[PDB]
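Notes follow once the structure below has been shown.
Bear in mind these aren't lab numbers, they're just calculated from the coordinates by the rules spelled out. Neighbour counts run over all protein chains shown; Cβ positions are idealised from the backbone, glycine included.
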């Protein structure tokens with residue numbers, strides 16, 4: 001018997017906001033929320049319309065929730081232009097400890 | 001003449017997700033996205049139905065965007081029970097350098 005926290009796969013949720021400053025500064029903010037995973041080790045990657053996204057994204061350092069969990073957010077600013085081309089944006093989350101590969105897609 | 005980045009007020013956006021793990025684990029995830037502020041100094045506070053929220057929330061460490069900007073996220077898990085009581089949740093963002101007090105509200 002060796003105790004320990006069960007590894008758990010991240011809960012992944014992709015969210016959009018297009019408010020006024022956002023619409024004005026000619027961009028659109030997407031949040032890839034990744035929460036509830038243990039251990040911390042994750043790989044995050046963004047795609048547009050099948051194909052990868054090279055830059056324009058930051059991922060926050062993870063925080064430890066009250067659940068002995070980790071949450072973090074991956075932040076992508078997408079050109080407002082590029083938002084109604086009927087573009088599909090996806091983030092993909094990898095968690096080796098749980099052998100988990102996750103993805104959520106979002107479109108205009 | 002002394003150069004420097006103009007102080008800029010945070011763009012504030014409150015977002016909800018209620019997916020399956022979320023609906024199952026009997027909670028609902030709210031994200032208070034705070035992006036595009038300089039300097040970093042901010043105060044974040046959550047409320048429910050006028051009245052403050054004591055705990056259940058983590059705020060990520062801020063990241064430096066490509067704009068010489070800071071973005072961070074404040075993460076609140078709200079009881080699914082507490083979500084359709086027609087409860088209003090608000091986060092409030094303070095930025096002294098810009099003399100800015102911001103708030104966004106969200107409900108079920």
(Q) Take the residues in the stretch A:88-107 that are touching a residue at least 24 places away in the same chain (Cβ under 8 Å) and over 17 Å from the mean Cα position of the chain (by Cα); name whichever of them is farthest from residue A:10 (Cα to Cα). (A) A:97
Q. Taking the stretch A:4-34 on its own, how many of its residues are in a strand (DSSP E or B) and at the interface with chain B (Cβ under 7 Å from one of its Cβ atoms)?
A. 7
Q) Are any residues in the stretch A:35-58 part of a strand (DSSP E or B), crowded, with 19+ Cβ neighbours inside 10 Å and within 12 Å of the chain's Cα centre (by Cα), and if so, which ones? A) A:35, A:46, A:57, A:58
Q | the stretch A:59-77, subset more than 9 Å from chain B (Cβ to nearest Cβ) and in a loop (DSSP other than H, G, I, E, B), residue farthest from residue B:36 (Cα to Cα) | A | A:68
Q. Can you pull out the residues in the stretch A:78-91 that are part of a strand (DSSP E or B) and surrounded by fewer than 17 Cβ atoms within 10 Å (Cβ to Cβ)?
A. A:79, A:88
**Q.** Filtered residues of the stretch A:25-45 (kept if closer than 20 Å to residue A:85 by Cβ and without any contact (Cβ under 8 Å) to a residue 40 or more places away in the chain)
**A.** A:25
Q.
So, residue A:83, is that one touching a residue at least 12 places away in the same chain (Cβ under 8 Å), more than 11 Å from chain B (Cβ to nearest Cβ) and within 22 Å of residue B:11 (Cα to Cα) or not?
A. yes
